[PDB]
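Here is the structure we will look at, set down as structure tokens.
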Amino acid sequence: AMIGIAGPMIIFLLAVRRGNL
Amino acid sequence: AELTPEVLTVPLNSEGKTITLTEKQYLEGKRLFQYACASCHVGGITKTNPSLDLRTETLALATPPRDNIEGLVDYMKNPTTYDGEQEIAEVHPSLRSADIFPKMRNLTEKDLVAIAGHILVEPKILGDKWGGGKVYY
Amino acid sequence: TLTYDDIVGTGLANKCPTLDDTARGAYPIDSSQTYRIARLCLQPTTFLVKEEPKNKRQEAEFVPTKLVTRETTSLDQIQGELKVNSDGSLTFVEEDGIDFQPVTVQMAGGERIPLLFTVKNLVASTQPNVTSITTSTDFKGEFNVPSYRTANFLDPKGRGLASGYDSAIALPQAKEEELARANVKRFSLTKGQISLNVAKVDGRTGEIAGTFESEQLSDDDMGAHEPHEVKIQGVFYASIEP
Amino acid sequence: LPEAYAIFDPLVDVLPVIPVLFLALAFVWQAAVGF
Amino acid sequence: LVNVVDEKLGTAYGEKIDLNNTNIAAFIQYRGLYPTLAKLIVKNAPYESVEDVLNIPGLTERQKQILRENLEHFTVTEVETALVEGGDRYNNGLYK
Amino acid sequence: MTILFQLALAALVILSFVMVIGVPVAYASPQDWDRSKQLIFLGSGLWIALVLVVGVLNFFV
Amino acid sequence: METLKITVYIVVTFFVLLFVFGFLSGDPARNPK
Amino acid sequence: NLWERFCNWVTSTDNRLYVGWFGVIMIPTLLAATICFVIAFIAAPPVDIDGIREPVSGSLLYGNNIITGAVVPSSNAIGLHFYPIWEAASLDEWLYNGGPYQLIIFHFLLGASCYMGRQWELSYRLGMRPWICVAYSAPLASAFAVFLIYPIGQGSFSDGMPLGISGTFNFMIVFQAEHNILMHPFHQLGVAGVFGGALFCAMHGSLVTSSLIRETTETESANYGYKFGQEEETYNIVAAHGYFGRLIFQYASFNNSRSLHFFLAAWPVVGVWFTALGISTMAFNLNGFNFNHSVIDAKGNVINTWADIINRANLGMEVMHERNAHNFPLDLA
Amino acid sequence: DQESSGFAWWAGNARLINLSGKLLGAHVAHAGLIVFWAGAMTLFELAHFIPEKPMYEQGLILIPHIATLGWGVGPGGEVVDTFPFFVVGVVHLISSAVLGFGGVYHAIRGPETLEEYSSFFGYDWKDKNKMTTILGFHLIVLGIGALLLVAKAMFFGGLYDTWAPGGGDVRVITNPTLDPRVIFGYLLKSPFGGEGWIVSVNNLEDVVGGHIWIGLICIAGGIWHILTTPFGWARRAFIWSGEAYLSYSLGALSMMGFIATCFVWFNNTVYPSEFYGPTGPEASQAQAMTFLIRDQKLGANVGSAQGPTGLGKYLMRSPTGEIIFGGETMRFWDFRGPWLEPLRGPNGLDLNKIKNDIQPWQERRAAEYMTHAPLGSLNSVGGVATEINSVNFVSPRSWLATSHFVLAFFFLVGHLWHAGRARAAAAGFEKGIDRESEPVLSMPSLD
Ligand code: CLA
Ligand code: CLA
Ligand code: CLA
Ligand code: CLA
Ligand code: CLA
Ligand SMILES: CC(C)=CCC/C(C)=C/CC/C(C)=C/CC/C(C)=C/CC/C(C)=C/CC/C(C)=C/CC/C(C)=C/CC/C(C)=C/CC/C(C)=C/CC1=CC(=O)C(C)=C(C)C1=O
Ligand SMILES: CC1=C(/C=C/C(C)=C/C=C/C(C)=C/C=C/C=C(C)/C=C/C=C(C)/C=C/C2=C(C)CCCC2(C)C)C(C)(C)CCC1
Ligand SMILES: CC1=C(/C=C/C(C)=C/C=C/C(C)=C/C=C/C=C(C)/C=C/C=C(C)/C=C/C2=C(C)CCCC2(C)C)C(C)(C)CCC1
Ligand SMILES: CC1=C(/C=C/C(C)=C/C=C/C(C)=C/C=C/C=C(C)/C=C/C=C(C)/C=C/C2=C(C)CCCC2(C)C)C(C)(C)CCC1
Ligand SMILES: [Cl-]
Ligand SMILES: [Cl-]
């Protein structure tokens, strides 16, 4: 489960910080 | 219909003594039988020699009698032909030939009682389907 | 010394072993020893089938036929006992080996004659008083021809002898008096005549070789029709061993 | 697995599926950017 | 035009083990007969009578009485080609 | 040495999980390079050192 | 038989050579624009 | 140059039929397979497909009608071996063993593979986009599956699909007995592909015919309202979408013609691709789901489902296919 | 965004075609996934491996590859120590992290284009010199990798050899076959039955030898492509673009995938049956052997036993005369395996050797392979479709054969897709037909 969320976590953090999505 | 104590009661030796297996015990023999035996013995037939099946009736006319726990354990330790004349561990998995049949290495004395128990119990549940082949599928 | 990988796919699997021209010797028969044949090979080269003439009452002839089942014809690895009889003659009594092949030839017109070329249960004997096997030694005898098919064979409608239907089930209400020949199946068993004629002898190794001619009946479709008379000619190679 | 690594044998059951998730993440990402 | 195999079911062949025509697998139905004695009984066929089965060479005194306790389950009919040809006495094509 | 094998191994998984999340979040982040850049460099260095330590000590457990 | 085998081998070679040499004789240039 | 004139005609766009370099293989191979098929369908003698010297008649002149006739596959004795005419001692032996089958299927597979390439080729010469040949790959793959791929995995061209109506059904039935292809999700996707394609074909045709714009009277065909090469569209996509979006709900409809036509291509092609792949992977005996005796009661009695009824039928095909060919109790060939 | 490049989100990787830095990134990132799966899958297989069971009763496809290379196994294929499997997985897994780190860096952090960063790594697709040069480097890498197999076989423990005398074992390969008449004779055999094309390679000498040869062929061609530019006939016969080269490799990867399918289905040399389970032909031949041994023991004369059809029940001839196993297995008579070749004489199966020389280990092997035939259901029920549940088994051979035919077929579709598009992009109508210059409207009418 922890390995599963590591994926979407990157997309969440990169959307909270206004990243280069 | 349940897997009752009555169903799980099979002959022990050839002198009428019996043994009552638990549901857990029966489930062990079924798993061990699929691990070691089912490749040749699925459903109680014998793929590599259909003339000799695992039916209780056939095991009774075998020499030595194999229709109780003792002889099936003995058979899994030192198997013989249907008349008990030749020892056949060289071509049939057994504890004696566990060097050339590896799936028999890790089998305890308890594991042989379960497998034998499953061979005697299953025809009681499934009747003619045990050993009948694809007519009864 | 050829290997399987040298031979596979060439046809030589169907040839009998030959002896070179330098082998017109004589192999002696000691009446005080018991001999056998440890390998008997028969390679057919010509299948002749007797035509069925109209009503000329005349010479039925053996026409030539085209083989259609490829290089599958030869008998080999045949063994048996070779008896020294009282009057000096020898007798080969066939025992085991690849002693049969189903052959199918095609006549002019298209008709396919199936047959079971065989020497099953051959008993072949020589002329009296043969002190040695020479290049004029003849072996003659009879053999049994079993049915082309065995008991379990099922015709295309599902009929057979030890298995199958026993009627024309696609015609539930036809009168089956006319189809009794096709509904009841029979297992045939005829007799063959063969002559093995030695032409080369290696008196040192004990190998013999020559030509044979056998006469036997073809297939009868488990009794549905009349067999043809077949004649088979070829070469053989045997080996005597004490 | 050698017993000194037996502690991870639950983690091993999951590892081969990790490449598939990489396929799925590209959709999470394109979903997050509105395609 | 008769079916030889069907007609043979009309004789004792249909009730007992015919020592000249029955497949060797039927000797599994009785104790101590398969596969050692069964091989000998099929290899030494035919027999003019059921009692002639005890005169096979090389039988131990044990094996002789094993056949005697089973003479009652034996019979003898005429040799039939469609049941002994094709090697069918060792494998008639019927498994399970 | 076994204690060291267990903690170097336990550090490699943790560092790997951090690097797996951190490295892409930092690469796609804005100015967050003045930080991350040097921290990724030796995060890469210590990761390599940790792999080697675990591999060496593995033959002493 | 062997005469047929040689006859078909020649036929097959002929057409196969038409194919390779035809598709090497400047195919991309054969288009409308 | 003379070779350039030849190449200019091979590749011409002014030919009634396009030839092209793919066509330089296609035309002779198809002509060979077609001529030999016609002759063998009418005239071939019986063929010993199961290699047990029990020949199977398949031609008209030997007692077959259009429904029962086939070019019979080559012998099981041959297996996967190559068997042209010259490998046979005589035409008679070649016919007996199934020669015309190999001749036909190998020439045909070569010819149809080049048909596909011909489709790319003329499309390139015409200024077209190139993917029509990708769609035709779905039936071509299917043909490859049943004539070539399935024989490879099983080990004999004798298990190839007969070239005949009844022979085809004999193929489907024996296949289901051996592989349980109804319970295989790749054939199910094929069903979903051809049923769905039939449905969508029906749908698109009714929806466009429904939206045709009035251009004719009643005493003539609506078709004469379209003239070959008009620039105006002949139906009203907006009305058709207005209709069909109300039939279900608007977002379940297509308002983009290109998006709708792409869907028309993709649904049957993909599904047929998978069903080609299902034949091609059952060739290696990766079979459909097996649920036999899957449901059991507390005592251990089998509680049949419909899968166990499918098995009883599979069994009955099994013990009757090739009724004389088996000498041993497992069906491994 | 799609307005910038033309391609939509579902075709988004086509935006990478002329961005060499990001394209390098995805490629290096993808290679990490492969290496990741290889290591991860291995450890999974090892965590589930049981030494007392054969490998093929356990759903293993990687450990069999490692054991064929000679690591981990002893005589007859028995697993003696599992640590070499462990290493192969860990190292691949650890390496994938490296490949991942660089791949992601080049993808979202590095420079998008390389052409302004360095003149050596940068490339223009239409530049025929730079492309052949990159091709040359990679050809050199391929040659080295093929020689690493040689080196493992000749200098570093050898290879597992199912044909080794006394029963298969690890064996060092001292005399690779270099005779071009053998090595390239394989490349010229027929694909059809009894021949086999390259799939018929049945000895490690021929395997090791062929790799020495392509190992050398590759490095030479690599040097040749680094030093030359494409000739004029090649220039006008090809399409020079990124998609075009991608299509050329899809066709190749497709051809290779089909070939891989046939290899693991028919070949039991570089796919030892000890590890992969018997082949299809093998298990059927093993069935016929098992019943021959059983019936003969009962007293049957297996040479003269006639079967229902009239053919021999145990033994018949092939179309070229060879004594073969009878029954429906007649189709499988091209099978060759170490458990059966002792009974093979020059004319085929030797009736005398059948009668007197069958050894217990052969009867055991035939029975084992008969009851492990590569036949099973999608949910891994073992047997024909009509089999009742009991045996959990599908042969690795089935699993490997079926998957790679799927991958091969779809990559052939991939080739047709990108090939035609490459051709249309280069000619300038991959987006549709210009209304004001429709080609057909200027050709004459067919009639
Ligand atoms: C080596 C392989 C390879 C490579 C490098 C490329 C590269 C490319 N292809 Mg090509 N292609 C390939 C193989 C390859 N292709 C194959 C094998 C096929 C046939 C199937 C195609 C068919 C194809 C088409 C039809 C198109 C491309 C296009 C493209 C471009 C855009 C791709 C994209 O954005 O995908 C984005 C990826 C996706 C949207 C996800 C796809 C997921 C698939 C459909 C399902 C996978 C399921 C999995 C197996 C199991 C289920 C998992 C699930 C349960 C989680 C790009 C240049 C496009 C093009 O021409 O651009 C100009 C285009 O339209 N390719
Ligand atoms: C194997 C799969 C694969 C790979 C390697 C790539 C790679 C790439 N794609 Mg493609 N793509 C793929 C599948 C893939 N794609 C599929 C399946 C689809 C369909 C959904 C698309 C659709 C698509 C589109 C629509 C676009 C791309 C673009 C790109 C490029 C830029 C992506 C970007 O801006 O990310 C930004 C995203 C992030 C910064 C979020 C984080 C992403 C990273 C990679 C997570 C890594 C996690 C990992 C565990 C970390 C490891 C750490 C290490 C220490 C081990 C990049 C080279 C873009 C392009 O071409 O731009 C010019 C573009 O427009 N792709
Ligand atoms: C070529 C690849 C390949 C092969 C031959 C195998 C084979 C095997 N694997 Mg493995 N595996 C693979 C890839 C492969 N695997 C991959 C990529 C992963 C990562 C997810 C795994 C993860 C994995 C695990 C975790 C396990 C196995 C196991 C197994 C065994 C059981 C398989 C099974 O029951 O599948 C079930 C069958 C399916 C799920 C059917 C899938 C059908 C696919 C989706 C069709 C796709 C078609 C096409 C590509 C789609 C695109 C179409 C579009 C373009 C139009 C078997 C020995 C098991 C085992 O026994 O281990 C000991 C086990 O536990 N595998
Ligand atoms: C195919 C792989 C590949 C390619 C073509 C490139 C290409 C490039 N990288 Mg990248 N890179 C890669 C992989 C790759 N990288 C990987 C795997 C990583 C993670 C470790 C990185 C990490 C990385 C960084 C951190 C940077 C680059 C940068 C660069 C550029 C400068 C490289 C240079 O001058 O090297 C000169 C040559 C050397 C330093 C010697 C290399 C010796 C090698 C590694 C020996 C081993 C060879 C052997 C065959 C490898 C086997 C691998 C295995 C999987 C089979 C260049 C465009 C730089 C850049 O663009 O900055 C703006 C930069 O900063 N790369
Ligand atoms: C990955 C491998 C690879 C690749 C992609 C290339 C790519 C290229 N090479 Mg190079 N080359 C390679 C390896 C490779 N080469 C190696 C290893 C060598 C050393 C032996 C060479 C030796 C070489 C030479 C000598 C030449 C090239 C040239 C070329 C170019 C034209 C190729 C061509 O027309 O092929 C198309 C192939 C043909 C036209 C051959 C005719 C048709 C054959 C017979 C088809 C047979 C296929 C059939 C299915 C059978 C396959 C199985 C088996 C029986 C063979 C091209 C850029 C040419 C160039 O311009 O160089 C500057 C050139 O003259 N290469
Ligand atoms: C007795 C009492 C109580 C009476 C009271 C009744 C009452 C008032 C009820 C009100 C409340 C209420 C409505 C309750 C309903 C409950 C309910 C949900 C019932 C429904 C049950 C049910 C089974 C519904 C099924 C719904 C259904 C069929 C969904 C279909 C999904 C599906 C397959 C969609 C596919 C559509 C699709 C892919 C279309 C594209 C394919 C195609 C070729 C299109 C062709 C095409 C498309 C175009 O687009 C245009 C342009 C053109 C050219 C064209 O070719
Ligand atoms: C080796 C290892 C490691 C690593 C790991 C990794 C690398 C991971 C990754 C992971 C990942 C990479 C993950 C991912 C995930 C993802 C997901 C989970 C997703 C999902 C998705 C979905 C669900 C989707 C949905 C949707 C959308 C969104 C859109 C469309 C619609 C739909 C609905 C489809 C570590 C460090 C731990 C350590 C140990 C070992
Ligand atoms: C570009 C891009 C992409 C892609 C990406 C990728 C593909 C990446 C990769 C990545 C990778 C490829 C990664 C990898 C990683 C790995 C890791 C992280 C590992 C680690 C490991 C370890 C740490 C180990 C450990 C151990 C040991 C040592 C021993 C045994 C046990 C254990 C396991 C514990 C996507 C699609 C998303 C989209 C966006 C863009
Ligand atoms: C390792 C090994 C080996 C060997 C191998 C080898 C030696 C190989 C070689 C190979 C080769 C040597 C290959 C080649 C191939 C080729 C190809 C594949 C081709 C292609 C072609 C193409 C593709 C072309 C096309 C075209 C045409 C047709 C016309 C014009 C246009 C174009 C150009 C497009 C052996 C078996 C011994 C054993 C095992 C191991
Ligand atoms: Cl049938
Ligand atoms: Cl059979």
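Things to note:
- Highest-fluctuation residue, I:236, I:435, I:331 considered, GNM on chain I with Cα pairs under 10 Å: I:435
- Remark: mean inter-chain Cβ contacts per residue of F:17-28 equal 6, using a 10 Å Cβ-Cβ cutoff to other protein chain atoms.
- Scoring H:160-170, H:273-283 by mean Cβ neighbours within 10 Å over their residues and listing the highest first yields H:273-283, H:160-170.
- Helix F:33-57 axis, angle to chain F major axis (alpha carbon atoms, nearest 10°): 10 degrees
- Largest to smallest principal axis extent of the C-alpha atoms in the stretch E:1-57, angstrom: 40, 23, 16
- For a 4.7 Å threshold on C-beta separation, the list of partnerless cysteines in the protein assembly as shown reads B:37, B:40, H:7, H:36, H:114, H:133, H:201, I:218, I:262.
- Candidate cross-link partners of residue I:128 among the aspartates and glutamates, defined by an alpha-carbon separation under 17 Å and a same-chain spacing of 8 or more, comprise I:115, I:243.
- The stretch H:195-239 and the stretch B:92-137 have their alpha-carbon centroids 70 Å apart.
- Overall form of the protein assembly as shown per C-alpha gyration tensor (a/c, 1.5; a/b vs b/c): prolate
- Segment residue I:341-residue I:186, extension gain: residue separation times 0.36 nm, minus the distance between their alpha carbons: 53.7 nm
- Fewest-first sequence of G:10, A:3 by Cβ atoms within 10 Å of each Cβ: G:10, A:3
- For the stretch C:13-23, 3J(HN,Hα) per residue [Karplus equation, 6.51 cos²θ - 1.76 cosθ + 1.60, θ = phi - 60°, Hz, x = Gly/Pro]: 4, 8, 8, 7, x, 9, 10, 5, 4, 7, 10
- Average partner coverage of I:325-337, which counts Cβ from other chains inside 10 Å: 6
- Computed from the C-beta positions of residue I:436 and residue I:5, the FRET efficiency with R₀ = 30 Å rounds to 0.75.
- Cut-off 13 Å between beta-carbons: net charge of the residues surrounding residue H:84, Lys and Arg +1, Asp and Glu -1: -2
- Spatial offset of the stretch E:18-96 relative to the stretch C:51-74 amounts to 43 Å, using the alpha carbon center of each.
- In terms of its C-alpha gyration tensor, chain H comes out oblate, because a/c is 1.5 or above while a/b does not outweigh b/c.
- Alpha-carbon centroids, the stretch I:112-158 and the stretch H:254-326: separation in whole Å: 45 Å
- Put simply, when E:1-7, B:102-108, C:111-117, I:198-204 are sorted by average Cβ atoms within 10 angstrom per residue, most first, you get C:111-117, I:198-204, B:102-108, E:1-7.
- A Förster radius of 30 Å, combined with the Cβ-Cβ distance separating residue H:148 from residue D:20, puts the computed FRET efficiency at roughly 0.40.
- Charged side chains reduced to their Cβ positions (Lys and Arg at +1, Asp and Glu at -1) give the stretch H:74-222 a dipole of some 460 debye around its Cα centre.
- Listed from fewest to most Cβ neighbours within 10 Å, the set F:1, C:222, A:9 follows the order F:1, A:9, C:222.
- Sites residue H:209 and residue H:182 - FRET efficiency at Förster radius 25 Å, r taken between beta-carbons, to 0.05: 0.10
- Magnitude of the charge dipole, chain H, Cβ model with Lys/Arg +1 and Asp/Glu -1, debye to 20: 680 debye
- Here each label is just a point 7 Å from Cα along the line to Cβ, and for residue G:5 and residue E:72 those points are 7.1 nm apart.
- Across the options I:159, F:26, I:254, the greatest Cα extent toward the positive end of the charge dipole of the protein assembly as shown (unit charges at beta carbon of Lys, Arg, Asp, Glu) belongs to F:26.
- Within the same chain, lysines fewer than 8 places from residue I:431 are excluded, and of the rest, those with a Cα less than 22 Å from its Cα are G:33, I:126.
- Label-to-label distance, nm, for residues given as residue G:15 and residue I:13 (7 Å Cα→Cβ offset): 3.8 nm
- Cross-link partners for residue B:47 among the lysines, with Cα-Cα distance under 24 Å and sequence neighbours closer than 8 places in the same chain left out: B:30, B:77, B:103, B:124, B:129, B:134, E:39, E:96, I:53, I:297, I:313, I:355.
- Here the label points at residue B:110 and residue H:243, each 7 Å from Cα along the C-beta direction, are separated by 7.5 nm in the simple model.
- Size of charge dipole - the stretch I:278-373 - debye, nearest 20, with Cβ of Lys, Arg +1 and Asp, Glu -1, no other charges: 160 debye
- Gyration tensor (alpha-carbon) shape descriptor, the stretch I:127-211, a/c threshold 1.5: oblate
- Mean Kyte hydropathy of 1.6 or more with a Cα span along the axis of at least 27 Å, helices from DSSP in chain I: I:83-104
- One chain, two ends: residue I:223 and residue I:198. Fully extended at 0.36 nm per residue, the span grows by 6.4 nm beyond their Cα-Cα distance.
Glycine gets a Cβ as well: all are built from the backbone with ideal geometry, and neighbour counts include every protein chain shown. No lab work stands behind these numbers, since they all come straight from the coordinates.
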